[PDB]
Amino acid sequence: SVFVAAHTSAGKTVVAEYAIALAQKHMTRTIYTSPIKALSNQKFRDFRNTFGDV
RNA sequence: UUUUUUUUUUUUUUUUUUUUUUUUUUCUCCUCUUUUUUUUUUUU
Numbered sequence: 327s328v329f330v331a332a333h334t335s336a337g338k339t340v341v342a343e344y345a346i347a348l349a350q351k352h353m354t355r356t357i358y359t360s361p362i363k364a365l366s367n368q369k370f371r372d373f374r375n376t377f378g379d380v
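Per the authors' numbering, residue 327 is the first one in the first sequence, and the count goes up by one each step.
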């Protein structure tokens, strides 16, 4: 279990997409929670063309 | 001078069967009178 306290936004997302890429090597599912609508779809768009299905 | 968030119309389909109209009651029951019985025959 990991807690992170930093300043840059995407800098914290590296471990997030590490876990996301690790899930398809384990075939499991992961849940990402974003409490705002604008940011909620940007990450989906980022990972759609990047890989897999979101 | 009034921002931000609260998903949506149950899943399923590629199961066998070798009979035949109907169907089941009603009891014994005093017949009145000119008769033997006439008769061939011919014209259809």
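In this text, a Cβ means the ideal position worked out from N, Cα and C, and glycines have one as well.
Suppose you measure from the CA of residue 347 to the CA of residue 337; what does that come to, to the nearest Å?
Taking the straight line from one Cα to the other gives about 16 angstroms.
Using only alpha-carbon positions, find the residue among 329, 332, 330 and 350 that is nearest to residue 379.
Nearest of 329, 332, 330 and 350 to residue 379, Cα basis: 350.
Indicate the three-state DSSP secondary structure (helix, strand or coil) for residue 341 in the structure shown.
The answer is helix: DSSP assigns residue 341 an H, G or I state.
Determine the DSSP secondary structure at residue 357, reduced to helix, strand or coil.
Note: residue 357 maps to coil in three-state DSSP.
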